[PDB]
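Tertiary structure, described
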Amino acid sequence: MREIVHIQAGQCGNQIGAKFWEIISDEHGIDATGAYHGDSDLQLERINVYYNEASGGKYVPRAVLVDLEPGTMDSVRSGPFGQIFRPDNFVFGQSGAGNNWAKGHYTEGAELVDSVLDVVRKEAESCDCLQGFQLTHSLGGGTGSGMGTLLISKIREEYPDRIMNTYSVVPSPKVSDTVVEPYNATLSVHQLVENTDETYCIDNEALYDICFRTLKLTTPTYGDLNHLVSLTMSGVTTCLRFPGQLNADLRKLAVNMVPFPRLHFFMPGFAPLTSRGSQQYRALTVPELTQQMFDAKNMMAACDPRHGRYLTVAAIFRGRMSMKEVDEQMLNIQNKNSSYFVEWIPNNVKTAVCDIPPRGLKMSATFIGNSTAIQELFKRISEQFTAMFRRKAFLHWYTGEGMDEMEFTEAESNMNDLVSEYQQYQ
Amino acid sequence: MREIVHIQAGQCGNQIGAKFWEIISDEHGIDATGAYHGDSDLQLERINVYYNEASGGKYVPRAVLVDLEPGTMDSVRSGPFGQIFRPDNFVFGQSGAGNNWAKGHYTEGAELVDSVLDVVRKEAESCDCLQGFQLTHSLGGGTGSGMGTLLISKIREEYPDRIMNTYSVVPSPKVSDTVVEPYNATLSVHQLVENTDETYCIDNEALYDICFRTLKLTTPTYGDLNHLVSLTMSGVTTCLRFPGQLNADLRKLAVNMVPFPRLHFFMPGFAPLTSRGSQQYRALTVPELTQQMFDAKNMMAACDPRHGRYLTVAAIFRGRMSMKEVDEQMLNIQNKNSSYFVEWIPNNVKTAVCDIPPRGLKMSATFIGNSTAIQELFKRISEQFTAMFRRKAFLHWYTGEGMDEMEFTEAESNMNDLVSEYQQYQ
Amino acid sequence: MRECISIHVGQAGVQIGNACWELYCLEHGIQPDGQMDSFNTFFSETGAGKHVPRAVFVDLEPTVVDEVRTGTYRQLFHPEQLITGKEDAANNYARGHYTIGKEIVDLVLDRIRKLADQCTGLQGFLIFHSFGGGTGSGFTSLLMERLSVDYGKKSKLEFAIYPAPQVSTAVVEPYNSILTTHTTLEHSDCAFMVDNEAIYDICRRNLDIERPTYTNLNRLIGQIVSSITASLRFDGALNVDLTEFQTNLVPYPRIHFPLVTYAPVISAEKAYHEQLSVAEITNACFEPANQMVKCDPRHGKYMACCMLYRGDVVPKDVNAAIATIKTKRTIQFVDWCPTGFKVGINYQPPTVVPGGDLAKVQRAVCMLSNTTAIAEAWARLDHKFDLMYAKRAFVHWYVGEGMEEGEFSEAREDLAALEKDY
Amino acid sequence: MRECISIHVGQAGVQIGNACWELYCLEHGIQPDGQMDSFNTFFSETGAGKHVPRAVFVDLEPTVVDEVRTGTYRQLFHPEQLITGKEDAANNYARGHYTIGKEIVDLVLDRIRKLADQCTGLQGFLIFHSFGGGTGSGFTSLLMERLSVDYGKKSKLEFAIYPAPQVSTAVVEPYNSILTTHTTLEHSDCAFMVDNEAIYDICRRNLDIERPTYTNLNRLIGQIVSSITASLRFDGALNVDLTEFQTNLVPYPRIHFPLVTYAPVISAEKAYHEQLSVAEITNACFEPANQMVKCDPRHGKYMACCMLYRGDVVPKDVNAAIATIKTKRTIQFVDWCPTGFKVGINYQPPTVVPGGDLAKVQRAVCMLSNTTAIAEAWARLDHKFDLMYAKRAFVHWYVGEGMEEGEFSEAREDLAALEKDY
Ligand SMILES: Nc1nc2c(ncn2[C@@H]2O[C@H](COP(=O)(O)OP(=O)(O)OP(=O)(O)O)[C@@H](O)[C@H]2O)c(=O)[nH]1
Ligand SMILES: Nc1nc2c(ncn2[C@@H]2O[C@H](COP(=O)(O)OP(=O)(O)OP(=O)(O)O)[C@@H](O)[C@H]2O)c(=O)[nH]1
Ligand SMILES: Nc1nc2c(ncn2[C@@H]2O[C@H](COP(=O)(O)OP(=O)(O)OP(O)(O)=S)[C@@H](O)[C@H]2O)c(=O)[nH]1
Ligand SMILES: Nc1nc2c(ncn2[C@@H]2O[C@H](COP(=O)(O)OP(=O)(O)OP(O)(O)=S)[C@@H](O)[C@H]2O)c(=O)[nH]1
């Protein structure tokens, strides 16, 4: 019943997916092994969406792990909840792209592609009905972006019907983690624009800002950031996986949030996110979340929406709401924030509610915004690519691996077309 | 319901605000943490005017703390009732204006202004209806006066509807606490006259005189002074916060006591104020208070009203009175003190009574006076400014921070115009 | 059947209405819950043995209305007849007429409309408010013109707490009084002036109460209104209708400001030594100091008089006393009104409230007179306006609410015309 | 005997059906097991003392239907009536009309066919759905054309949840609403609009509920449907049949969108001190703000009105109230329809659901009016379409499901023709 395949690439993607799997197991009350230990029937009512039955009353996640090095997958296997995965699902190479898109898409990916397509086909056909695919990777690294692009290409030419979303981690503008990250970003975007239905942009610098200021934590770690992204993912999927007073699914979000085929890049946001002390000084009410809902500080995307305009907005809530108040709250947001909202989309706010709240929180919300702020980000990458292409810096690695200057020219042309369309619709 | 935002600046402002918050919590029956422990329903009937209902039978004050140094706010946090405040509401600088208005308004205020406006907008919109803003600061210091002027300017250009009152502490004429205090006073007054609806003048020397003579205490402390100012503030607001046989609010006082938009400076007064042994030698009757309210000794403004004339007088009372007696008493005051009262304002006395007496006193009264005595104060300041401007003493600090001699000239011209208007209306 | 609709505006209106409703409920034996024929004239019986007054309480601030909600009579009033605002006019007529009233007048209009739809013999409207309060002037005037344009010739009575020449809480009372009087002159059929200082003096010298609160004043006002309404709520030898009040005491439409007086106002200990006669109470009532308006009627004249006796008073006795006092030279009457009297005898003794300052007695009289002394105060009031307008004091406050500076002068000259009409 | 067939499409249909059937089972004393004569009109007694509703639940997503399977009324339905899809239309009328509905409409067609074969006096069909929901538009349209072509002139009733102009969950609501309205315009015998924000308001400031959930909305909707069907399920002075609604409230076949109103809407706390008569409830119902459709009828006119009074109401009182309101100028009727009134009196008091916001009362009125102001909203809705079509936004989504760009334009011009028909 609308089963979902989980695929992760690169160290970042694999760690985030691991965190997401622990979060999902916590939500469904599954032990560290896989045995069912839920407290309500609704926990197992849609358990098959992210799990498959196993003899002995066990449950195995519907996940596939992909890498070009056997280290981070080994760490995931040895990490917490390492026994929930069935070992046969793991697939990895032996070379390592080494932060090179050409290596991760044409030389070292051409051999792992067959295995990963075989395993994803096995997962698809062995299930009842595949609603879609959720992917987890980053556009900066080599194997991550290249493998993600290859998989989305093959899946799209294989399943032109099911919708897939990519939780790609945009490279942080504040530090160029990889010197060749503009090239990887450009190529990954040039593939995602056509071969992926929609994307969510998540930045490490915004996560750091939230952890230091909003969460007020002195020692941020990758675990906490992965936890936040996993909470966002679980909140997105809870509408499908749990009953709601106003239910929704992935297709509802795709239809609501996509006004044009190529304008499918979104900003995720979460609330509430309070430190240890402030939790007892906030009335856990819907207004307390709507005041934390529309502002640049709470958006984990490195782009200020106030400069641009919101094309569309979606809000998924979890808990005990009298959502006529939510409706009038969205009306007030439209009223006072009319400047930031687009004009030719009347009532551009979509709202949905899921009954069961996430574990540990009586009530929460999640924000999915399509706006023109990301354009800036995109725009920036453009010139950086140019800044690293006019001098022909680091072109030897890509040129020797089978790429071409015409390939980069076409990718940059399409990228500039995308940013121009975003600016035009402002 | 007519919620009020509390903002404090500088060491004096923060300490007075802290004392005021303990006084209010005592009045509303709030424990040392914030849990409700009132004895009557009327305590929680209007509790929302100065509090917000946190989750789990908890109340947090509607307060904002602003400073350019992180020290005195730390003392507030560690002081009594330190846990009642919401920790995130605290806003602190890192430089310190150092008794420099230019530093506190152009150099170091330009970065904290964004945060303080953000938090004040948060408090305003998170509430139902914001009746007005009450501030607490001192014009002698640098960060206090500068931050207060910046906040009033931003609020006035943001909310031109809600009246705000400032409990500014006038610099003491008897000692020049800081050599540059005339400049700060002049600039702060020049901003207040245009961007503040009313102001109360309170001088430390008058409080010392009351403590030594009227209160008969051997060792005055800043705690007692802040306690008296807080008692005055609570007596002013008890008309709004508690039911009264003749109710009143801030707008009533503003309309009654303001004959002209620019002549909006006031004198506070409190009664009864007796030593330990005197309480058993004076009856707690209304005449015993009316004899105590009308005298230069009990005015916390360093200026004798007998030299000038009373433009308007407002009197708020608390306790068990048959206020027709208050009416005939005000008639006696008008009759005998006819010389000290203005002639072209028939029945220049406003009167109001609040049912609930202050904690610890069965019956009390508070006095708000608009008169021409404060003129002398302002008048005096002018010469000091001139005496400190012809020699160009200490002009380097303000000149280097972006100000100008023309700015001081315009401020002095406005001050002279204001004092001339007060003199002309005598 | 012959119902009447009550309106209370401002804090004074709310308190007076509370006292009046408790007094009537005690008179008819109505419990604070609402349980136990003329009661139908003021209280609708709904469902079974339950009764609710036909009252509307409105204010721009929620304090007094909320206090009423928490009062013992909460079980009496149905919840939504009580109206609350957010910002009070704050002794500003413009604030209560243009800022807040212009968007909340429709609420009270709908309330009175639904009250009038279930009443078929509506005699008229009663309004209680205060000139000094911004709400009680502005919103009163606004709803009053709405009622007038929705009803035309329907009778309306006004109970205005006229601020004293020296007891006036708001220093800006002359501005609001002049503006609201200009606004209400044309359509208010009959307004009754009441002086707070006069009530204070009467209570302290006659009832011998040193320290009375507003509770005693409200008791007196409720007794006055009960004496007025006893004709409709009880049978009598000569019942008087509300329309007859505006038929008698209005020689010309302009001058419609009659004052009121009560008798007797004595304590129980005084009541032991005093036996009631129609002549004694009538001459005491005609004594100038017994009036609750600080004006000497002998400084002017008399245009009309209306005695309301309640209890067991023989009509011959009333006629004898009235004729004898008419023969007295102490009070002068205007030439063109030789017969300007009206007498209403009712068989209901005045109601006594427990703990009340008034003592239960068999006979009582309420007097209504349209004397000429009232203009005196008006002139003085107009003078006050001058002293507060030559310097243009407080003008900016009303300018900020949307007024026009010319309206002040227009109201001043209009009230000067009203004064010189005498 | 005189059975009626219920159909519920989409999540809104499923929830409304759950509430309405629990209300009916409470009304007849039906246990959740189905045990315990007019009940035969909705529940088929089969086997032994076991009654099952004639209800069909259909949805493209198995969430709400499965929740019904796990509900307290699980054993009330024989498990074959509940229908589940696999993929929801996801706020896409094209998806619910062409992709999935085209191959699953036959299942529900067979279900309703075998339900109708065991009924001999089938009056008609009630259909519940929402315009905004993709399922509630597409599948409703498809099933409704199937019913129309399989039955011709058989009466059909539509209970549509008209999305509010500003309270609309799906941002693509205008496209689906326009498409489904064009597609069902020809066959729509009589469709009822319901604007969610209007129910929110009516609940919040009449029932004084600060935070209501769809539970209370469903309670009100079930009460409305019970009031409509009480004529068939109970006796009265003047019973009304389902055909009579489409006979009366359809001046012309094109304009068949009447709105609905209910009265009273109060809690027991107000109900203690309030009585009920035909006049008060009727004039409250005729008040525009009491309508659960966000329009001001005074902006337009009235073509027909049908008031169902349930309880113990005297017909003479109904006639007097209706005539008096007809004399009132506040409501204007079209010239060529001077007599457009229908009155149905039923002796069954309105059933109160345990824990429900509504308070049990003796009298209740449900009003169904055809006003012109509805066209206003349609025009506004059409305007929204332009604002979302000039840029061709979301066009690709519907193109992917097999739509043609000409369908949008033809639907837009068709609804423009509908609007200018007024
Ligand atoms: N005699 C008498 N007068 C009262 C009583 N209560 C209030 N008043 C009068 O009311 C006046 C105050 O003005 P209000 O009408 O109450 O003002 P408000 O109710 O706050 O309305 P706004 O002025 O618009 O804010 C005083 O001058 C009193 O004379 C009462 O119980 N008895
Ligand atoms: N008034 C009211 N409206 C409801 C209720 N439940 C759902 N709705 C309406 O349903 C709309 C949401 O779309 P649905 O009708 O549920 O569509 P769906 O069931 O998801 O089917 P698809 O759109 O094809 O996916 C909202 O706009 C609500 O107005 C309810 O209980 N009461
Ligand atoms: N949020 C989050 N981001 C991470 C985490 N770990 C790495 N990243 C981000 O991922 C980006 C690098 O992606 P990465 O997966 O390491 O590239 P790769 O191609 O897989 O690298 P390799 O396997 O060829 S060696 C960096 O920008 C880094 O900030 C993590 O645990 N959480
Ligand atoms: N009444 C009262 N006055 C105080 C108190 N503390 C300081 N003051 C007064 O405040 C004035 C100085 O203001 P202050 O707040 O210290 O300036 P500042 O600009 O904030 O100083 P800084 O923060 O830059 S270091 C002095 O005249 C002093 O008398 C107090 O506790 N009670």
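Judging from the entry metadata, cryo-EM is the method by which this structure was determined, and 4.3 Å is the reported resolution.

A few words now on the packing of helix α6 (residues 142–158) of chain B against helix α7 (residues 181–195) of chain B. All names here are of chain B. The contact between α6 and α7 brings their axes to 10 Å, and the two run at 15°. Relative to α7, the element α6 lies roughly parallel. Crossing hand, α6 versus α7: left-handed. The segment α6 lies against α7, with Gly142, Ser145, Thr149, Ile152, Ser153 and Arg156 engaging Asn184, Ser188, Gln191, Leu192, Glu194 and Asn195. Here the contact of α6 with α7 is composed, by residue class, of two nonpolar, eight polar and two charged.

Another aspect to go through is the interface of chain D and chain A. Taken together, the 38 residues of chain D in the interface contact 36 residues of chain A. Summed over both partners, the interface of chain D with chain A buries about 3500 Å², with 57% contributed by carbon and sulfur atoms. When the buried area of chain D at its contact with chain A is split by residue, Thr169, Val171 and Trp397 of chain D rank highest and sum to 17% of it. Inspection of the chain D/chain A interface yields one salt bridge. Between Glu87 of chain D and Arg251 of chain A there is a salt bridge, and its shortest N-O distance comes to 2.9 Å. Viewed at the interface, chain A and chain D are joined by 16 residue pairs in polar contact. Of all elements in the fold, only α1 (10–27), α2 (62–69), α7 (196–206), α13 (373–387) and α14 (395–399) of chain D reach the threshold of two or more residues within the side of chain D that touches chain A.

Another point: the domain arrangement of chain C. All names here are of chain C. Parsing chain C into structural domains produces domain 1 (4–248), domain 2 (259–374) and domain 3 (377–420). Of the residues lining the interface, 39 residues belong to domain 1; the matching set on domain 2 comes to 38 residues. Across the domain 1/domain 2 interface, buried area totals approximately 3400 Å², and carbon plus sulfur atoms make up 62% of it. Contact with domain 2 buries area across many residues of domain 1, yet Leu207, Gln223 and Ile224 alone supply 17% of it, more than any other trio. In this assembly, domain 1 and domain 2 are joined by five salt bridges. Of the charged contacts in the structure, one is a salt bridge between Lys342 and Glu244, with a shortest N-O distance of 3.8 Å. Our enumeration of links across domain 1 and domain 2 arrives at 16 residue pairs in polar contact.

Parameters and conventions
- Residues numbered from 1 in each chain as written, not as in the entry; some residues may be left out.
- Chains lettered and ligands numbered in written order.
- Heavy atoms only, no water.
- Axes fitted to C-alpha atoms, helices over the stretch in contact; angles between N-to-C directions.
- Helix = DSSP H or I, 4+ residues; strand = E, 2+ residues; numbered from the N terminus.
- Parallel < 35°, antiparallel > 145°, perpendicular 65-115°, else oblique.
- Left-handed = near helix turned anticlockwise from the far one by under 90°.
- Contact = heavy atoms within 4.5 Å.
- Nonpolar A, V, L, I, M, F, W, Y, C, P; charged D, E, K, R; others polar.
- Buried area = accessible area lost by both parts, 1.4 Å probe.
- Salt bridge = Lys/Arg side-chain N within 4 Å of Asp/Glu carboxyl O.
- Polar contact = N/O pair within 3.5 Å; in protein donor to acceptor, adjacent residues only side chain to side chain.
- Domains from an automatic or database assignment.

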